[PDB]
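> these chains are from a complex, not moved at all, and more is on the way:
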Amino acid sequence: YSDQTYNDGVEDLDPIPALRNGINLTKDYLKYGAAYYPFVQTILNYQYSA
């Protein structure tokens, strides 16, 4: 969800531990995906108008 501790309005959560609790399916489903961490900083600018 985020690479930083994020507040859910109640508690401060660690992003890797939170994903593990979030995706609550069995192996039959888990075998169909993978996750990556962290986010990356790119070289693209923001779009704006003077």
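Nice, thanks for sending it over. Residues are numbered from 1 along each chain as shown, chains lettered A, B, ... in the order given.
> Can you tell me how far residue A:35 is from residue A:10?
24 Å (Cβ to Cβ, to the nearest Å). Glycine gets a C-beta too; all of them are placed from N, C-alpha and C.
> ditto for residue A:17
15 Å.
> Between the two, tell me which one has more neighbours.
Neighbour totals were compared for residue A:17 and residue A:10, and residue A:17 leads with 9 against 6 (other Cβ atoms under 10 Å).
> Please settle this for me: is the more buried one part of a strand?
No. Counting by DSSP: H, G, I helix; E, B strand; the rest coil, residue A:17 falls outside a strand, being helix.
> Quick check: the gap between it and residue A:41.
Here residue A:17 is placed at a distance of 24 Å from residue A:41 (Cβ to Cβ).
> and what of residue A:27?
For residue A:27, the distance to residue A:41 - Cβ to Cβ - is 35 Å.
> Ok, residue A:1 next?
Residue A:1 is 18 Å from residue A:41, by Cβ to Cβ.
> cool, residue A:34 as well?
22 Å.
> next one: residue A:2
Plainly put, residue A:2 is 15 Å away from residue A:41 if you go by Cβ to Cβ.
> As chain B, please add this:
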Amino acid sequence: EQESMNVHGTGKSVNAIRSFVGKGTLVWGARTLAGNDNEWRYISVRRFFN
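One more chain to add, chain B, which I have set with the ones above:
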């Protein structure tokens, strides 16, 4: 730190993006969310079968 991302009691592995000297940013690790599965833990095996 990566040790707990790659191997974990729940099998919910997370792959890491890491910086290496003289190489730049590399994708490190290729497991699925069913990481303790002797048959389906690797991404390349699942994708080959699909």
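> So which residues on chain A come close to chain B?
Counting by Cβ under 8 Å from any Cβ of the partner chain, chain A comes close to chain B at A:16, A:19-20, A:23, A:27, A:30-38, A:40.
> residues touching residue A:12, list them.
A:5, A:6 (Cβ atoms under 8 Å, 6 or more residues apart in numbering or on different chains).
> Against chain B, how distant is it?
Distance, residue A:12 to chain B, using Cβ to the nearest Cβ, to the nearest Å: 19 Å.
> same deal with residue A:18?
Look at residue A:18 and chain B: by Cβ to the nearest Cβ, they are 12 Å apart.
> ok, and the closest non-adjacent residue to that residue?
Excluding its sequence neighbours, the residue lying closest to residue A:18 (Cβ to Cβ, 6 or more residues apart in numbering or on different chains) is residue A:1, at 6.7 Å.
> Report the two of the residues of chain A next to chain B separated the most.
A:27 and A:40 (29.6 Å; Cβ to Cβ).
> out of those two, which sits in the busier spot?
residue A:27 (13 against 8; other Cβ atoms under 10 Å in any protein chain shown).
> and the closest residue to the more buried one other than its chain neighbours, what does it touch?
Nearest residue to residue A:27, sequence neighbours excluded (Cβ to Cβ, 6+ apart): residue B:34, at 4.9 Å. Residue B:34 makes contact with A:27, A:30, A:31, B:11, B:40, B:41, according to Cβ under 8 Å, 6+ apart.
> add chain C to what we have:
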Amino acid sequence: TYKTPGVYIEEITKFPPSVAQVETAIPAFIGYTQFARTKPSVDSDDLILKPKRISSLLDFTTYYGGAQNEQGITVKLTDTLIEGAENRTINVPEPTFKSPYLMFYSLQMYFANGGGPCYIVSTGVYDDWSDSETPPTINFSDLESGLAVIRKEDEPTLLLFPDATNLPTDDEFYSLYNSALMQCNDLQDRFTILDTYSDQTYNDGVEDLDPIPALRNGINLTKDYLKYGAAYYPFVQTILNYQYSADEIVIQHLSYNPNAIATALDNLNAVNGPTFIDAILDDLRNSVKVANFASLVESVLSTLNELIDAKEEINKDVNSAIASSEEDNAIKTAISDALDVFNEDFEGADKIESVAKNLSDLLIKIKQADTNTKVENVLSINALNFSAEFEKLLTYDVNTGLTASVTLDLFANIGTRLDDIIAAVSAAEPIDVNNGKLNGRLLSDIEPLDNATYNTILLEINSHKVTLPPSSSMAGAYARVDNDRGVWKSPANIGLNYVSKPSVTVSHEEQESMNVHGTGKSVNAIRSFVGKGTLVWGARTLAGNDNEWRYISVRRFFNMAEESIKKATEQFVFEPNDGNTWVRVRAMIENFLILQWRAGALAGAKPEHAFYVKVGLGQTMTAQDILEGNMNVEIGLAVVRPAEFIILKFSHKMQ
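Take a look at chain C, now in place beside the chains above:
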């Protein structure tokens, strides 16, 4: 194991591994091992008396284990004065009591010399020593059992016994070899490699016997059996070390100025106090919730670990007091009893140590429980053991805000028990006579005290090398010849690997009675040559005066040919006994022999001069054989013989 993908670096010391070899003559090795199991991850010794095939030393060690640690290493330190100057002598002698379990060492030599895949028969496992001067034994009945077992295997061709020489009597030694020669004659396809009992005059309890003459009298079988084996002499000195552990080696330390007790006592006085254990004992006695809990558990666990380390330090010093109190054994007992009681709070009687272990495992599980459910964060405490383990420290502390209802507790019985230990130790202060500071300590524990003495001792220990009978090295040497030149080549004028030198020197005027003798019981020699190293010199069998079977290469060639021919005729066990069969049998045998001729095994310009085969009514059979159901096959072979003696005649040239 490893968790993060990547490259790991480790620093070790060992010999480089050998290159795997291709199948050739297959030896069987019968003897004792450390595990004997089929599945490395369990503790069942399921391979006892179940022959198994091994491809390399590395495979041996995952089913059978390694060598036994030697218990005979002695280290003695003597501290004296010369004109007021300090003078220390460090003495580390060759061990006189060695462990009689050579299977591991013998296999290392076998692979070093070129051996390929082989069979291992484990007849039992290693026993513990009874004392520092009382080693384990070899049970004759176990070796006989292993020999009987190998009789049912097809593939093996050579028979070896790695610890025959560690057997209690020469009579048992000779008996075992007579049985092996008899097995070879019953089967007609195996060969036995024999050793002498010892290379030194050995006492049988009655008389002093010469080893070569003794073997000749020991093996009392006829030529029908003697033709199936050969013997080699002497034993060889190798480059392998002894296996040991620094944690098992105890130092003897004598000194002009005794201080074993005084040191132990001063250390214990430091032990019995607030800076050692009172502070410990006084302190010891939903994702956020998990994090808070986990911190509290770790604090307790850390405190328990310090108390456990304290126990170990106490045992290390008290034991030097016990070891040093040579006189007045009543005190040695008083000290020992005080220590033995102290330990009960940490050992299995009431095990503080397992509580600490279990809390660590539980702590990891609760931190990881968050991975997938609120249930795990409950089960880890009430279905699993967190509640149960904390109870073992204080039975019902929860009864009140101040710990209460301690119906049982694992803490602070330490105070009284430490006082008992010190009082007993102090009794030895006027008893000690000559024991110095390091007396009774282990090598592994003295490096922080004096690492000059420690490093010196280790260098001396490692200077001692292993000595072995030559038989596993010879099985290796046979394998090299069979692959490079062929089974029909004599197994001699071969250098040996990992050999420093022969145990004794044999001159050319001594070898004469080893090679040629009235009884035909020839012995081959291992000899050192200048610029060449250690070579195998001679290749005769124990029936040396036999015009037909005196050479090893002739006997082995025939055994090889028989295995192949036998397989060719067994295909016809219940087939019709008629012309169609006789023709097929003959053709199969001749094709085999032609190929052996083409490769140079047999003499003769054309196959017609090298061999013949006859099968059939009117050639090998009559009407009576047809009636009985017999098939008779006759075969002849022209086999090549070696040169042994080269004579050079010199003269002046006339002109």
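> now that chain C has been added, could you go back to the contacts of residue B:34?
Neighbour list for residue B:34: A:27, A:30, A:31, B:11, B:40, B:41 [criterion: Cβ under 8 Å, 6+ apart].
> Now do the spatially most central residue of chain A against chain C, distance only.
Taking Cα atoms, centre = their mean, the centroid of chain A lies closest to residue A:1, which sits 2.7 Å from it. Using Cβ to the nearest Cβ, residue A:1 is found at 15 Å from chain C.
> what's the answer for residue A:37, then?
14 Å.
> before we move on, what SS does the residue of chain A found nearest chain C have?
In chain A, the residue that lies nearest chain C is residue A:20 (4.7 Å; Cβ to the nearest Cβ). What three-state DSSP gives for residue A:20 is helix.
> residues contacting it?
B:8, B:10, B:12, C:370, C:371, C:372 are the contacts of residue A:20 under Cβ under 8 Å, 6+ apart.
> try it again with 10 Å
Applying Cβ atoms under 10 Å, 6 or more residues apart in numbering or on different chains, we find residue A:20 in contact with A:14, A:35, B:8, B:10, B:11, B:12, B:14, B:33, C:368, C:370, C:371, C:372.
> Quick one: neighbours of the residue in chain A that chain B sits nearest to, just the number.
Closest to chain B within chain A is residue A:30: 3.9 Å, counting by Cβ to the nearest Cβ. Around residue A:30 there are 21 other residues, counting by other Cβ under 10 Å.
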